[PDB]
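In PDB author numbering, the protein residues as written are 17 to 223. Backbone N, C-alpha and C define an ideal beta-carbon position, used for all residues, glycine too. Here the structure is laid out as structure tokens; the discussion comes afterwards.
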Ligand SMILES: Oc1cc(O)c(-c2ccnn2-c2ccccc2Cl)cc1CCc1ccccn1
């Protein structure tokens, strides 16, 4: 297991998301589904010129998996996935500029719901989760697990769990008072409200 420090700006963003009083928490789901849709667009585009890029799985979809026993909500996609360099370097490099622009917009009067317009929508997961585990597999790299409970650090390890083929799985270890996001009617409501026109099948699993 390797432990990394978040850049000061991203740690500041995470503390802002965790500490700010903001009731409209449900937008986290739209942000994660939007990320999945973008990663699926990327592999679809690449497969147009190289069909072998789909040897790791032809199906392009998103699954929403609630688990009341584990108190987790998992967002699974079969998108392009992320390499180790994405998890350690590339996400952070992109997030620094996005965070700065988002911070400036917030001071000017914008609200947390607009986070996605700054390319840092993933961190809205901390509105509802105490810990987030991200399992990912890119065609050019091994399967990895990124994890953070915030507090200024994240970990990266090789994942020896069930191999996924290709894509990204975001596991939200929900806060005790945010279990409404495990309810079927609540998730259906949020998907219909914010993610009605996503160009990939969204399957909401039942418990
Ligand atoms: O929820 C996700 C789902 C995904 O499929 C992917 C993904 C795979 C390949 N590209 N891509 C992508 C899609 C849209 C926007 C950015 C990206 Cl990198 C990424 C994230 C969030 C990743 C994340 C983890 C920790 C800290 C910050 N960010």
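Less than 6 Å between C-beta atoms, sequence neighbours within five positions excluded: which residues of the same chain meet that for residue 145? The sequence position of residue 145 within the chain shown is 129, counting from 1. These residues qualify, in order along the chain: 188, 189, 190.
Residue 224 to residue 43, Cα distance in whole Å? With the chain represented from 17 up to 223, any question about residue 224 goes unanswered, as that position is not in the structure.
Taking the Cβ atom as the reference point for each residue, do residue 219 and residue 106 lie within a distance shorter than 8 Å? Here residue 219 corresponds to residue number 203 of the chain shown, with the count starting at 1. Here residue 106 corresponds to residue number 90 of the chain shown, with the count starting at 1. For residue 219 and residue 106, no; Cβs fall outside 8 Å.
Assess, as a yes-or-no matter, whether the segment 123 to 133 is touched by the segment 159 to 176 under the definition of 3 or more beta carbon pairs within less than 8 Å. no
If you draw a straight line from the C-alpha of residue 197 to the C-alpha of residue 158, how long is it? One-based indexing of the chain shown puts residue 197 at position 181. One-based indexing of the chain shown puts residue 158 at position 142. Approximately 31 Å between the Cα atoms of the pair.
Give the list of continuous beta strand (DSSP E) stretches no shorter than 3 residues that lie fully inside the segment 57 to 133. 78 to 83, 88 to 93
Under 8 Å by Cβ, that's how I've got residue 47 and residue 115 pegged, so tell me the actual separation to the nearest angstrom. Locating residue 47 in the chain shown gives position 31, where the first residue counts as 1. Locating residue 115 in the chain shown gives position 99, where the first residue counts as 1. Not really, about 15 Å apart at Cβ, beyond 8 Å.
Would you give the residue range spanned by the alpha helix (DSSP H) that residue 32 belongs to? Walking along the chain shown from the start, residue 32 turns up at place 16. Under the DSSP assignment, residue 32 falls in the alpha helix (DSSP H) whose first and last residues are 24 to 35.
Does the Cβ of residue 150 lie closer than 7 Å to at least one heavy atom of ligand 1? Position 134 of the chain shown, counting from 1, holds the residue named residue 150. Within the cutoff, so yes.
Closest Cα partner of residue 216 within the set 31, 59, 19: Here the question's residue 216 lines up with position 200 in the chain shown. Among 31, 59, 19, the Cα nearest to that of residue 216 is on 59.
Can you tell which of 203, 192, 210 has its C-alpha closest to the C-alpha of residue 86? By 1-based counting over the chain shown, the position of residue 86 is 70. The residue with the shortest Cα to Cα distance from residue 86 is 192.
Quick check: does the Cβ of residue 107 come within less than 7 Å of any heavy atom belonging to ligand 1? Residue numbering aside, residue 107 sits at position 91 when the chain shown is read from its first letter. At least one heavy atom of ligand 1 is nearer than 7 Å to the Cβ of residue 107, so yes.
For residue 203, tell me which candidate among 82, 70, 37 has the shortest Cα-Cα distance. Taking the first residue of the chain shown as position 1, residue 203 is located at position 187. Ranking 82, 70, 37 by Cα distance to residue 203 puts 82 first.
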